[PDB]
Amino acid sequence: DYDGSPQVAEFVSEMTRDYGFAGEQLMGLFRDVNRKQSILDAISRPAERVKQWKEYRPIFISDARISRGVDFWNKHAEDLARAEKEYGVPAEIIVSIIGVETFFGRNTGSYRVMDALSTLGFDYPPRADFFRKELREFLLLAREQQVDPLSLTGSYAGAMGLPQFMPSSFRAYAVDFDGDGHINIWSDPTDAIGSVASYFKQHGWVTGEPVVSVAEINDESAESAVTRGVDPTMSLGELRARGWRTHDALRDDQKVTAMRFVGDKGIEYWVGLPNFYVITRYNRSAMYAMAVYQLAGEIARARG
């Protein structure tokens, strides 16, 4: 497959030139790497019908998902208490991220990271440059952990372990959280716990600030302020000047988003506060962040 590709040889040339790898051994690795046809079909898929909150929320706030989230919390309560004390990130949020990303380990990943990132970085032009950056960080992270690169698994796009970190997030955020010398986000829940918290804190999480606020609108023209995407463009003072009223009497000066969900029992208006934006840094989706925030609430409810 990648035995003698020109681009593969030019990737190995940059690896031995900017990061000091041994080209010969590096090209012995790529001889054992498989091009995954199923990955190409997956990422070649076109626009997939986005779901209404009415249908999206019940997929992730299920009795099974919550129940297993309390078990996960019970089992690692001491590491979660440690992560929340050191990083200022709520424990229910950490559990909820892991429960949403992998269902607490049930869906860690079906492909070898080396296959996924190679297939993409060398056989998918639209984002090849991106997935060759991740391939590079992955070879770097496999060297740092002294693990062998073919033993690591992940999603079709190369997200790894319980928190589904892509290689670059692994190198920049993952932490050795039980003091044993390794960073094992695949099967060491302690490192998963600490790694998610390090991610959130380093993406701007403010400890003690609320995440979301229920909102009302004075007029249907205020729906023109619904945020297209997850990037805020106004302060809360702006949005309120547009006809949005938050039940919470929160300060004006802060960047917010405005959301209109078609919920279980009618239209739902939400204002996403900065911390809510930190959740979307994990996956650029308004419904994702809402499912994570509410799931963390259900699990904290059921745990007591």
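We number the residues from 1 along the sequence you see.
Set 61-69 against 45-53 and average the Cα temperature factors; 45-53 ends up higher. Looking at mean Cα B-factors across 22-30 and 268-276, the upper value is held by 22-30. Across the residues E220, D115, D79, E134, the deposited record lists the maximum Cα B factor for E220. Ranking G121, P232, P163, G88 by Cα temperature factor from the entry places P232 first.
Per the deposited record, the Cα B-factor of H247 falls in the highest third when ranked against the other modelled residues of its chain. Among all modelled residues in its chain, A296 ranks in the lowest third by Cα B-factor.
Ranked against the other modelled residues of its chain, the C-alpha B-factor of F103 as given in the entry falls in the middle third.
For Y282, the recorded CA temperature factor ranks within the middle third of the chain's modelled residues. Sorting the modelled residues of the chain by their CA temperature factor places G204 in the middle third.
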